[PDB]
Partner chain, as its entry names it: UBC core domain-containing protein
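Given next, in structure tokens, is a single chain: the form deposited without the partner chain.
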């Protein structure tokens, strides 16, 4: 293969391969490091979709992680 990696496996802000991908209540995907900064800043809104967060969720990771593994196995490349 040796082709550009899919955008879904790279966070928009990161613009590179993510290490600890997670999902927010809004359903958007952000890097663990990034979300920590966001929480630290005291932000309670989602800038990507531009909507407020009136609730929290436990959703960490799931299908995306599984799909990444399948992709990695096909390419024979270890995960981040």
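Positions refer to the first chain, counted from 1.
The next section is about a form of this same protein that is not shown, the form deposited with the partner chain bound.
Peer 1: Evaluate residue 20 for contact with the partner chain in the deposited bound form, applying a 4.5 angstroms cut-off between non-hydrogen atoms, and reply yes or no.
Peer 2: No - in the deposited bound form, heavy atoms of residue 20 and the partner chain never come within 4.5 Å of each other.
Peer 1: Can you tell me whether residue 37 touches the partner chain? I mean in the deposited bound form, with a 4.5 angstroms heavy atom cut-off.
Peer 2: Contact with the partner chain, yes.
Peer 1: With heavy atoms only and a cut-off of 4.5 Å, decide whether residue 44 touches the partner chain in the deposited bound form.
Peer 2: The answer is no: residue 44 has no heavy atom within 4.5 Å of the partner chain.
Peer 1: Is residue 72 close enough to the partner chain in the deposited bound form to count, meaning some heavy atom within 4.5 Å?
Peer 2: Residue 72: no, not in contact with the partner chain in the deposited bound form.
Peer 1: Since the partner is left out here, which residues of 40-73 would have a heavy atom within 4.5 Å of the partner chain in the deposited bound form?
Peer 2: In sequence order, 47, 48, 50 come within 4.5 Å of the partner.
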